[PDB]
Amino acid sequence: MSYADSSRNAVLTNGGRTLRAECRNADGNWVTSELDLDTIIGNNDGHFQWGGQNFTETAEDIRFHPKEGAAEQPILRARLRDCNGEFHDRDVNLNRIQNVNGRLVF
């Protein structure tokens, strides 16, 4: 139930914070939806954590590929600072985010 299965034109915007896509609704029309990832993803000791917040505050080199790799997955990458102050390049698959009738929802 990844949003990506029923959405298109997904991009990361707003300083690395916001996922934007066009999301198909029950009628088969396409609705523009944004979701601020900083409301739902944190940085826990240098790792992405769903249900956390404000990952961007302790991140560098934030970027997104909507259809990455052989699996064509929506992969968000960043260098995250751990609690010892060291950066590690990390990745998280955004397929936890759903498309609920035209809206991106965690």
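Don't overthink the numbering: it's just position in the shown sequence, from 1.
- Between 12-20 and 78-86, it is 78-86 that carries the larger average Cα temperature factor according to the deposited entry.
- For the segment pair 28-36 and 69-77, the entry gives 69-77 the higher mean B-factor, averaged over Cα atoms.
- For residue 95, the recorded CA temperature factor ranks within the highest third of the chain's modelled residues.
- When the modelled residues of the chain are ordered by C-alpha B-factor, residue 1 sits in the highest third.
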